[PDB]
Structure formats: structure tokens, C-alpha cells
Amino acid sequence: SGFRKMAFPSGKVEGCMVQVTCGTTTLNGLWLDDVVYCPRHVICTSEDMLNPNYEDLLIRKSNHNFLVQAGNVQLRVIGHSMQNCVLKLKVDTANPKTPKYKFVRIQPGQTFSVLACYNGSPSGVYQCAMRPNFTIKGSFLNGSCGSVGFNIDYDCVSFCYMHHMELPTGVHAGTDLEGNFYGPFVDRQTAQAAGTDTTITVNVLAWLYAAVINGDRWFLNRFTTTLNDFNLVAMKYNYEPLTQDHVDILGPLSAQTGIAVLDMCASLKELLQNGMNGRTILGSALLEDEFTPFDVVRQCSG
Amino acid sequence: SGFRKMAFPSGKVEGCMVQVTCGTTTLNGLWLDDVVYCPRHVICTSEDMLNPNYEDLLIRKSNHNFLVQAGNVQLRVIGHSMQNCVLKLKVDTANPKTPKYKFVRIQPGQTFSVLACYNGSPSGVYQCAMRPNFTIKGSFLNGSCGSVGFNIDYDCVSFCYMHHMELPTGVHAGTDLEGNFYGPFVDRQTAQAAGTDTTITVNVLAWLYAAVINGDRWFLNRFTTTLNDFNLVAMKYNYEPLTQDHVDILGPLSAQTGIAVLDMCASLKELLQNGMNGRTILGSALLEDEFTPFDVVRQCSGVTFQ
Ligand SMILES: O=C(Nc1cncc2cnccc12)[C@@H]1CCOc2ccc(Cl)cc21
Ligand SMILES: O=C(Nc1cncc2cnccc12)[C@@H]1CCOc2ccc(Cl)cc21
Ligand SMILES: [Cl-]
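Residues numbered from 1 in each chain as written, not as in the entry; some residues may be left out. Chains lettered and ligands numbered in written order. Heavy atoms only, no water.

- Method of structure determination, per the deposited record: X-ray crystallography was used for this entry, reaching 1.540 Å resolution.

Following this line, the structure appears as C-alpha cells:
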């Protein structure tokens, strides 16, 4: 019993965190095999950040301009290349702690663990979701760039995010491990803003199924809804549209609890209309949207 | 910017998790130096749990009755003894991944990270607090016994909790690593219940300071209060009493934000008496009490653990 915002154990990723320094700038790098991945803005000074020409800034650097520190050991950079917004530094030592890993680009609504780091040293681990507006609501201070997001389903680390920047609203933007930004963001100091965010409907439904699995049914009602009528209502509360894919994905949770997906949608419609009336659901007075259907099944009893 | 429920990096503890099997029961053990610590109830059948005589149940076991698996390697148990509600299995190999560690008993209100494990394999990490009623609001399924709670202070892992049981309300009970239970609980299948809980006042104040640091100020007001008047309101709302020690501990956050501790107490008093009026604080509609003043300072300063 219980339901917590649970992160993956971070040890496999801690053994990959290194410090990358280029001139006066220091940030984090991810050391996998003989390559260290980090945000390409490590080659920029604060001045270069409005309209950096990364190809021009990079051509001026030699391997010895990159200082990579792994614990108390300096690694030797023997090559460098840029892939999109990530810089890849080839080093002369393969990381002996390299776990089984893959690079995966995720979709909005997907969750992942973030290992926040400073100076190549891990500070904390927390669970995040890629918001519908392609930002993440992280907890990052100056020096956290290059911290990564990941999942560890079945012993393989799937790296899905590398931290690059904080937007004016205090939310965060980054890339996948191939250096492609999530969303319409650029690694430039030019005026950029997070778009209007919405609630991840499929995740709220998954979390209502988690509440039913954990013994809470107060919010259920005798009604059902069509998928279209649900979407017309939910969008009035700034909820993402629920697709037939989301309905299919919720099938296993629907079968386990005996509550049809559109019946749970009717419950959600009623919660949006009524609020909680002084009650809580899984210790929350708000509808939680940072648990996916997969997270609920993984955490909850069967 | 941002403020998340953040756990310590778990790698140092992951390297200590092992699987302990005794007969039909499998649970988790903590392998530090040449000893594996686990709940003593690993030796009980379901019927033994009804009224166990642990000394008597243990005298019937030999070292070979305890199968300890560290990853894909079977460790050899060469001794066994009980300390309170923990069983200590001496093994023939010191854990090469043993971090610098201590065993510490925490007080209610203190937070810690839990590394939830099943079959000696870490599954997740989360943060929680020792409630004033000595339970933890954990997330644990069957097989999670022996999962541990810890803090990291500098390069030292302070182990403070070992999971033993789930109470009927779905909250959890366990011991320190010396096998002493937190709370008036016993390791027996008998009627037990979590007592009425209270809110950890000093932690709510710390989280209000975290909200101010992160740019949320709507709850601030021009008022102040005395510690006695604030404590009268705390008692009324099932909040733990705030001591002068708690005020002193909140001193740094008070100096940073410019909001005196008793000034923040008047904001909390108003929140208790009036509610949030449709507003949220750090994305929450409830007053959060599972961040200590130290957690707030640590998260807002970026302290690392290499
Ligand atoms: O966002 C950035 N720094 C940080 C990241 N995350 C959290 C933080 C918190 N507080 C200050 C700084 C932070 C850098 C510096 C600002 O301007 C830019 C512009 C583009 C890029 Cl790609 C990075 C940055
Ligand atoms: O609580 C216990 N098991 C678990 C712990 N945590 C979470 C769980 C979730 N779901 C089922 C079981 C769980 C065991 C089994 C029940 O009877 C007792 C009685 C005393 C003692 Cl010390 C332990 C136990
Ligand atoms: Cl995805």
C-alpha cells in the first residue's frame, strides 16, 4: 500500500556523471563508454549566448581546451564533435561503470527520473514528466546543466533528457541525448517562453485508477461519457485531449479495477466540476498528472 | 528554480542491497562489511507470526538455512545473531562496495530517502518523513521488507530505517538499524494501528520559506505572533508544537527571505484559519510537511554527494 512519487534508483547514472569545463564555464557531462556528452553551450561565455554560432565557436577549440573530471581523476579528451545541441567529447578511457543503456526520445506526458548534479557530483533525485508544452518542472540551480533524465525499466538505463536551460517562468528545457531539443526551444539567450501548459489527462486517469487500486472509490459516480463529450468538457479545464490510444493504454488498469475507461472519465469530469470537497485522493488535494499508466502498474499491487 | 520532493542519490545504498531467503520467505538485506542485516521475521512462517518466540525459532536454524544472494553471487553465511528486531548474518566476504556509514536513530519530523527493494534488487527511491505517530507513509508491496531508509551527510551514509511491516491503514512501520522499532509497534501479526497523526509544523514553515525563495508570496502578511499564541493555534489544528529550537533552526531561512519565523507563523496561522482561497503553494493545495529546514537549504543551495 501507499503511493509515492517514486524515482528510479540513481546509482547506474551516478557512475556516469562527470564535470566538464571549457574556459570559465563548468557544467555536467554524461560519460558512457569512451564518450562524454554535455550541452554544447559549455563552449559559450555569457556574452556569446544571444546569437552563438556554435560551429564557429567549436572550430576554435582543441581537445585540451576541454577539461573532464571524473571524481578526482582528469580524463584525457582525444576528440570532439557536435551532434545537434550536444557536444560529444571522445575520451581515452572507457567508463568502467557504464551501465547497459540506450538513448530514447520521449513524448509529452512521459515521466522520468532526474539526477540533479553540480560540478559532476550528484545532489538529488526526483521524478519529472515532460509537460505537454515540452518543458519540465524541475528543480535546478545554476551549474545543473548537463544533468540527465532517465528511466531504468528492467536493468537498462534509457537516457531521455539532458538539461540545458531555465525559462523565465522557472520551468526547464533540454534535449534528448542526440541533442534535439524538446519543444520549440533553442540554446540561445534570446526571448523565449513556455507555451500555455495543460494537464496530462491520461496520467490523471491512471492516478485515479491507482487510487481505486489502493482502496479509494469516493470519487466514482453512476455515469459514463462518450470520448468526444469528455474531451469537450476536459478541454474547458485546460486538460489535454484524451485519444483512443490513451483509452487503449488504460485497458489493463480498467480490467484490474473493473471500472471502464469512459466510466473513469465521467468521474474525472465530475471532479473537475466539483473539486474534492475537503477530501484527498492518494494524499493529494489536486489531481496528479505526473504518473503514467505504466508507472501506476509498476508501483501498485496487481 | 523549482522545488521537488528530492531523495538522496541512492547508488551508495544500492551497492549494499542483497536478497535474504530463509525457507519459503524471501526479503531484502543490507550488506555492510561482513554482516547482512535484515528483519528478524524472515525466520517466521505465517503461523509463527501470530505469536513468535524469535530466540526459539532461531535456535532451530543453521547458517546454511540463510541463503544470501548479492546480485548473481551467493554469499556464505558463517554466523547469525539477533539484535532487537534485526537479524545479523555474518558472511565470509566483506562487501567491497561498503560506503562510509553510520547507524542513526532519527526523531519524528526528520526526513529520509527510502530505497524500495524486492528480491535484493532496488526498484525505486523516494523521500519521506518519520511521522509524529512513528509511522512512515511509504509505498511498499509484499517482498519489500528489509528495504532501508537513509540520509547522506557529506560522504557518509546514515542508515536510519529498515522496513518491517504495513499497518491496516496502509502506512508503514520499521526499525532503526539496531532493530529498535520506531513507534509502539511489535513484529507480530496481532492487532496494531497507527495512532492519530499530527502535522510537522517546523517542516511546514520550512516549505513556506522554500515557496518564498521560489517566488510565491501571496500568503505573506503584515502580522507577527508570539510563540505561545502560535502554539495555541497549532494545538487547535493538530499541528505539532513549535519550540524555540525550531525557531532557531529556521533562523537562516528567516534571514535570507527577510520574513521572521514568527512573521511566517502568522502567515501559517492565517492559512490554517482561512484555507488557501483557491490558491496553491509550490503546486500544492495542502500544506506540505515532509521537507525539513535542512532539506530546504540543501535543495536551494545544491549540496552534492560524490
Ligand atoms: O538557463 C541557463 N542556466 C540554468 C539552467 N537551469 C537552471 C538554472 C537556474 N538558475 C540560473 C541558471 C540556470 C543558462 C544561463 C542563462 O541563459 C541560458 C540560455 C540558453 C541556455 Cl541553453 C542556457 C542558459
Ligand atoms: O507487514 C508485513 N508485510 C508487508 C510490509 N510492507 C508492505 C506490505 C504490503 N503488502 C503486503 C505485505 C507487506 C508482514 C506480513 C503481514 O504480517 C506482518 C506482521 C508483522 C510484521 Cl513485522 C510483518 C508482517
Ligand atoms: Cl514516450
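## Notes on the overall build of chain B
Okay, so step 1: Each helix and strand in chain B was counted, giving nine helices and 13 strands.
Okay, so step 2: Taken over the C-alpha trace, chain B has a radius of gyration of 21 Å; the compact-globule value for 306 residues is 19 Å, and the two agree within 12%.
Okay, so step 3: Projecting the C-alpha coordinates of chain B onto the three principal axes gives extents of approximately 70 × 45 × 30 Å.
Okay, so step 4: Within chain B, contacts between residues separated by at least 24 positions form 64% of all contacts whose residues are at least 6 apart in sequence.
Okay, so step 5: Total accessible area computed for chain B in this model is approximately 13,000 Å², and 49% of it derives from carbon and sulfur atoms. (Helix = DSSP H or I, 4+ residues; strand = E, 2+ residues; numbered from the N terminus. Rg over C-alpha atoms; globule rule 2.2 N^0.38 Å. Contact = heavy atoms within 4.5 Å. Areas by Shrake-Rupley, 256 points an atom, 1.4 Å probe, with all protein chains shown as cover.)

## Topic: the site of ligand 1
Residues and elements named next belong to chain A.
Okay, so step 1: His-163, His-164, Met-165, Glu-166 and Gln-189 are the nearest of the 14 residues found near ligand 1.
Okay, so step 2: A distance of 2.9 Å is found between an oxygen atom of ligand 1 and a side-chain nitrogen or oxygen belonging to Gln-189.
Okay, so step 3: Relative to its free-state accessible area of 510 Å², ligand 1 is covered by the protein chains to the extent of 79%.
Okay, so step 4: Of the residues contributing to the shell around ligand 1, the split by class is five nonpolar, six polar and three charged. (Near = heavy atom within 4 Å. Polar contact = N/O pair within 3.5 Å; in protein donor to acceptor, adjacent residues only side chain to side chain. Nonpolar A, V, L, I, M, F, W, Y, C, P; charged D, E, K, R; others polar.)

## Topic: the sheet that holds strand β2 (residues 25–32) of chain A
Residues and elements named next belong to chain A.
Okay, so step 1: With antiparallel pairing, the seven strands of this open sheet are ordered in space as β5-β4-β1-β2-β3-β7-β6. Of all strands in the sheet, those with a lone pairing partner are β5 (73–75) and β6 (77–83), marking the two edges. Between one strand axis and the next, the sheet turns through 30 degrees on average, direction left out of account.
Okay, so step 2: The pairing of strand β3 (residues 35–39) with strand β7 (residues 86–91) spans five bridges and is antiparallel. Residue pairing for β7: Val-35 is matched across the bridge by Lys-90. (Pairing = 2+ DSSP bridges. Axes fitted to C-alpha atoms, helices over the stretch in contact; angles between N-to-C directions.)

## Some details on helix α3 (residues 201–213) of chain A
All names here are of chain A.
Okay, so step 1: Here α3 is 13 residues long and its end C-alpha atoms lie 18 Å apart, about the 18 Å a rise of 1.5 Å per residue gives.
Okay, so step 2: Counting buried positions over the 13 residues of α3 gives 12, a clear majority of the element.
Okay, so step 3: Burial in α3 covers these residues: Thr-201, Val-202, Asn-203, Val-204, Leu-205, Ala-206, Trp-207, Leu-208, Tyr-209, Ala-210, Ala-211 and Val-212.
Okay, so step 4: At its buried positions, α3 is contacted by α4 (227–234), α5 (244–249), α6 (251–257), α7 (261–274) and α8 (293–299).
Okay, so step 5: Note on α3: the residue one or two positions beyond its end, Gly-215, has a positive phi of about 100 degrees. (Expected span 1.5 Å × (residues − 1). Buried < 20%, exposed > 50% of the residue type's maximum accessible area, 1.4 Å probe, protein only.)

## Quick notes on the environment of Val-247 of chain A
All names here are of chain A.
Okay, so step 1: Looking at the secondary structure, you find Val-247 in helix α5.
Okay, so step 2: Overall, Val-247 belongs to the buried group, its relative accessible area being 15%.
Okay, so step 3: Note: C-alpha distance between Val-247 and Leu-227 (20 residues apart in sequence) is 8.8 Å.
Okay, so step 4: Once residues lying within four places of it in the same chain are set aside, the contact partners of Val-247 are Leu-227, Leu-242 and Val-261.

## Some details on the sheet that holds strand β3 (residues 35–39) of chain B
Residue and element names in this part refer to chain B.
Okay, so step 1: The strand order across the open sheet formed by seven strands is β5-β4-β1-β2-β3-β7-β6, and the pairing between neighbours is antiparallel. Across the chains shown, the open sheet's two edge strands, defined by having one partner strand only, are β5 (73–75) and β6 (77–83). On average, adjacent strands in this sheet sit at an angle of 30 degrees to one another, irrespective of strand direction.
Okay, so step 2: Pairing of strand β1 (residues 17–22) with strand β2 (residues 25–32) involves six bridges; the strand directions are antiparallel. Bridged to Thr-21 within β2 is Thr-26.

## Overview of the packing of aromatic side chains
Okay, so step 1: The final tally for this structure, using the stated rule, is 19 aromatic pairs over all chains.
Okay, so step 2: Taken together, a centroid distance of 6.5 Å and an interplanar angle of 25 degrees make the contact between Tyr-161 of chain A and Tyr-182 of chain A stacked. A residue pair is termed long-range when its members are at least 10 positions apart, and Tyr-161 of chain A in strand β12 (residues 157–166) and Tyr-182 of chain A in the loop between β13 (172–175) and α3 qualify at 21 residues.
Okay, so step 3: Since its relative accessible area comes to 1%, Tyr-161 of chain A is described here as buried.
Okay, so step 4: Exposure remark for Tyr-182 of chain A: the relative accessible area of 0% places this residue in the buried category.
Okay, so step 5: Relative to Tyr-182 of chain B, the ring of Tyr-161 of chain B has its centre 6.4 Å away and its plane inclined at 25 degrees; by these criteria the two rings are stacked. Placement of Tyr-161 of chain B in strand β12 (residues 156–166) and of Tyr-182 of chain B in the loop between β13 (172–175) and α4 (201–213) is noted, with a sequence separation of 21 residues between them.
Okay, so step 6: Residue classification places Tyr-161 of chain B among the buried positions, given a relative accessible area of 1%.
Okay, so step 7: Overall, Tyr-182 of chain B belongs to the buried group, its relative accessible area being 0%. (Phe/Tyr/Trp six-rings, centres within 6.5 Å; stacked < 30°, edge-to-face > 60°.)

## Re the site of ligand 2
Residue and element names in this part refer to chain B.
Okay, so step 1: Contacts to ligand 2 come from 14 residues, most closely from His-163, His-164, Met-165, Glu-166 and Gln-189.
Okay, so step 2: A distance of 2.7 Å separates a nitrogen atom of ligand 2 from a polar side-chain atom of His-163.
Okay, so step 3: Taking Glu-166, its main chain carries an N or O atom lying 3.0 Å from an oxygen atom of ligand 2.
Okay, so step 4: Across the complex, the protein chains shield 77% of the 510 Å² of accessible surface that ligand 2 would expose by itself.
Okay, so step 5: Counting residues per element, the shell around ligand 2 draws most heavily on β12, which supplies four residues.
Okay, so step 6: Per-class residue counts for the shell around ligand 2 are five nonpolar, six polar and three charged.

## Considering the interface of chain B and chain A
Okay, so step 1: If you look at the interface, chain B gives 42 residues, while chain A gives 43 residues.
Okay, so step 2: Interface area, chain B with chain A, both sides summed: about 3,000 Å², of which 51% is carbon and sulfur.
Okay, so step 3: The tally of links between chain B and chain A comes to two salt bridges.
Okay, so step 4: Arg-4 of chain B is the partner of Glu-290 of chain A in a salt bridge, and the nearest nitrogen-oxygen pair spans 2.8 Å.
Okay, so step 5: Linking chain B to chain A there are 26 residue pairs in polar contact.
Okay, so step 6: Elements represented by at least two residues in the side of chain B that touches chain A include exactly α1 (11–14), β10 (121–129) and α9 (293–301) of chain B.
Okay, so step 7: Considering every element that reaches the side of chain B that touches chain A, the biggest residue donor is β10 of chain B, with seven residues. (Buried area = accessible area lost by both parts, 1.4 Å probe. Salt bridge = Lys/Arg side-chain N within 4 Å of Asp/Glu carboxyl O.)

## A look at the domain arrangement of chain B
How big an interface is tends to be reported as the loss of accessible area on association of its parts.
Residues and elements named next belong to chain B.
Okay, so step 1: Domain boundaries in chain B define domain 1 (1–14 + 100–197), domain 2 (15–99) and domain 3 (198–301).
Okay, so step 2: For domain 1 and domain 3, the distance between their C-alpha centres works out to 25 Å.
Okay, so step 3: Contact with domain 1, which involves 19 residues of that partner, is made by 20 residues of domain 3.
Okay, so step 4: Summing both sides of the interface, domain 1 and domain 3 together bury roughly 1,500 Å²; the carbon and sulfur share of this comes to 54%.
Okay, so step 5: Considering only the side of domain 1, the residues that lose the most area to domain 3 are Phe-3, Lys-5 and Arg-131, jointly responsible for 43% of the buried surface there.
Okay, so step 6: Inspection of the domain 1/domain 3 interface yields three salt bridges.
Okay, so step 7: A salt bridge links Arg-131 to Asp-289, with the shortest nitrogen-to-oxygen separation between them at 2.7 Å.
Okay, so step 8: Across the contact surface, domain 1 and domain 3 share nine residue pairs in polar contact.
Okay, so step 9: Considered class by class, the residues forming the side of domain 1 that touches domain 3 number seven nonpolar, seven polar and five charged. (Domains from an automatic or database assignment.)

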